[PDB]
């Protein structure tokens, strides 16, 4: 098993670390910046020696070293700094994602690709358009983070472990997010039974939904850097589901093909991951739940189209 990290920044390094702990494969740490992946590869080799992990680790600036990778994780791109519009970020990261898409097609066209670069809803669609890879072999990590935050906040309020708190959240981050209380459960027991027993109020659930929408910006405001540990953990879970053919269930950006009144777009949705890739499944929404999702989908459609134009 060969795991290629396209981008050896904070998230890529931590995904490497978690792939080693968890013994998923040999690592290729790739970056455009001379020396960064070489340095991080040295650090992760020494880490491996202390913790009893025996996988090969290569840090490289040569894109051909991703040859025949089973797994591609794309964190390649920049952060938006002072003087940069959202449109300038989309142009720079979209050009980078186009170039990565071309390299994956050239060197490792049978890879399972996990897109992570921001803005995520857009950059997964950019990867698909320019990769010529099968839609089942592409996904974007997002929904697991939103689900993990929502479930951990519900668990805190009910004074229970988060281990058996499960929820479906459709769409993207922030305003794009569509959480389903009907598909939220605590070790099989619907959330509504806890409301009925006054262990949590509908106002507390609304407050938790707002904290969930805002969590990425809250971490950026406090740490002056975007989340890195939890994104890495979410990516590592998706890798493991593909490699071990697990059919684990996730909300991730996945290709809709008729599902939820949508085809020919990657969007945050209910999916399972196995060794054939990431496969959507449709559940019955109410009319109001589907109207909210269709609005999330229309925004992704609109922003993706704008991004293709910003890329010439």
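Residue numbers count along the first chain shown, from 1.
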query: Entry-level comparison of average CA B-factors, 147-155 and 85-93, reporting the higher stretch; finding: 85-93
query: Stretch exceeding the other in mean C-alpha B-factor - 193-201, 132-140; finding: 193-201
query: Out of 42, 278, 51, 285, highest CA B-factor residue; finding: 285
query: Selection by C-alpha B-factor (highest) of 98, 237, 110, 182; finding: 182
query: Chain third (lowest, middle, highest) by recorded CA B-factor, residue given as residue 22; finding: middle
query: Chain-wide C-alpha B factor ranking for residue 227, given as lowest, middle or highest third; finding: middle
query: B-factor third for the C-alpha atom of residue 209 within its chain; finding: highest
query: For residue 122, the third of its chain into which the C-alpha B factor falls; finding: middle
query: Modelled-residue ranking by C-alpha temperature factor, third containing residue 169; finding: highest
